[PDB]
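The chains referred to below are lettered A, B, ... by the order of the sequence lines, with proteins before strands, and numbering in each begins at 1. All values below come from the heavy atoms of this structure, side chains included, with hydrogens, waters and symmetry mates left out.
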2 protein chains.
Amino acid sequence: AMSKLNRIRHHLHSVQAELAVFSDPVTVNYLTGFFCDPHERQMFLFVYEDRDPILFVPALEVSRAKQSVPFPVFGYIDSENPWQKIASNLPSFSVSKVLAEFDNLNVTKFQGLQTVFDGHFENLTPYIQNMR
Amino acid sequence: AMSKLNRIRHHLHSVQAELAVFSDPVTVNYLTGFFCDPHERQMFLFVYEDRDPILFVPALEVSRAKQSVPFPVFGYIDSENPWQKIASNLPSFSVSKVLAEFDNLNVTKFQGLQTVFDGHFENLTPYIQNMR
């Protein structure tokens, strides 16, 4: 799992992206061995250029996630604003370019991410797409 | 039968919207009785304020769609650019506000629609959301 995530981290530097945001349960599972379909709830795997990944899941999935991954995990309860929770817990170093899964993210979630990140979003690079 | 779609059309008059674009297979089925999940391929139901709806589907689904809905249907084969197909076939693009299903529509498809319509997109209104 860390092999794939390590490769992505190195790749981010090469394309001058600070961050890749994964939202597809299939992709997150491919990368981590942790499968969670949050349905209407929020889940993101934040893969940074400058640090280990951070996984954000619903509160009731936090402990399960922590057993699957070595890196930080945090969550939110349903009565909490998830975007506020993300903003409160992630680093605040400037992020100008973000990769995301445009074929998976709905516009609501995309606009939510855009309340946290002021950078420019684009779809995953072919390198990330074609990791197999 | 056309009851729901007629109501949506009249509702567009209440707001600054000239057009609603439906993409959720569940929503489209609720509105028309036609179910198709095109996944990566394109499915849109275009509901104008001033004319009958128009359904766009992959070419393989055109026959089935025409057996299901009484209003115009068109499609595209895999060698065709669906965005160009939409742009060359829809009767009107004089828009300022377009309603779309932000909870379903992915970013790829949203960006595709933005190449076709030069207007502000927003999520469905509560009235449309709460009909089902």
Side-chain angles (χ1 to χ4, degrees), chain A residues 15 17 19-28 30 37-47 56 58 76 78 81-83 86 95-131, chain B residues 15 17 19-30 36-47 58 76 78 81-83 86 95 97-132:
Chain A
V15 298
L19 178 68
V21 180
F22 298 93
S23 55
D24 190 332
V26 179
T27 311
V28 173
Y30 165 75
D37 181 357
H39 306 291
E40 59 288 325
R41 293 194 170 96
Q42 306 305 324
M43 180 195 72
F44 299 109
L45 176 69
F46 299 103
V47 180
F56 177 71
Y76 77 109
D78 291 329
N81 186 297
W83 315 109
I86 292 164
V95 172
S96 67
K97 178 179 174 171
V98 187
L99 307 181
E101 300 189 87
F102 279 13
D103 291 330
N104 175 262
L105 276 179
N106 64 39
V107 178
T108 298
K109 294 177 192 304
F110 180 53
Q111 297 188 340
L113 286 170
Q114 288 182 305
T115 71
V116 178
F117 302 102
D118 66 0
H120 189 254
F121 283 76
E122 62 191 77
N123 190 41
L124 302 182
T125 57
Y127 173 81
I128 300 172
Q129 291 177 44
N130 297 323
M131 299 182 71
Chain B
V15 302
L19 177 68
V21 180
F22 298 94
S23 57
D24 188 326
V26 175
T27 305
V28 172
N29 187 51
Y30 169 77
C36 176
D37 188 346
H39 290 260
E40 187 185 315
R41 289 194 183 90
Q42 308 311 326
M43 237 261 300
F44 298 109
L45 177 64
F46 299 100
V47 179
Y76 77 111
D78 287 341
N81 180 319
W83 315 110
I86 294 162
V95 297
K97 189 169 90 174
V98 182
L99 304 183
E101 298 189 85
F102 279 12
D103 291 341
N104 167 264
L105 190 69
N106 74 23
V107 181
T108 298
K109 293 174 177 211
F110 179 54
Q111 295 191 339
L113 290 172
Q114 289 178 288
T115 71
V116 173
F117 304 99
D118 186 32
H120 179 64
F121 283 75
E122 62 183 53
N123 191 35
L124 303 182
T125 53
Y127 176 73
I128 302 171
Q129 285 182 53
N130 302 324
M131 206 174 319
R132 187 174 179 263

| request: Pick one of side chain, backbone, both or neither for A:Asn123, based on which atoms fall under 4.5 Å of a heavy atom in chain B. | output: neither
| query | Contact part of A:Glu101 toward chain B, heavy-atom cut-off under 4.5 Å: side chain, backbone, both or neither? | reply |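 It is neither, since no heavy atom gets under 4.5 Å.
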| task | Please say whether more than 12 non-hydrogen atoms of neighbouring residues, nucleotides or ligands are located less than 6.0 Å from CG in A:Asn81. | result |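 Enclosed.
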| said: With a 6.0 Å cut-off (strictly less than), is the heavy-atom count around CG of A:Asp118, excluding the residue itself, greater than 12? | reply: no
| task | For chain A, find which of B:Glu40, B:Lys109, B:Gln111 contributes the most heavy-atom pairs closer than 4.5 angstrom. | result |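 Winner by heavy-atom pair count: B:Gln111.
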| message | Could you report the tightest heavy-atom contact between A:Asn106 and B:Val107, atom names first, then the distance? | response |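 Closest approach of A:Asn106 to B:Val107, heavy atoms only: O-CG2, 4.3 Å.
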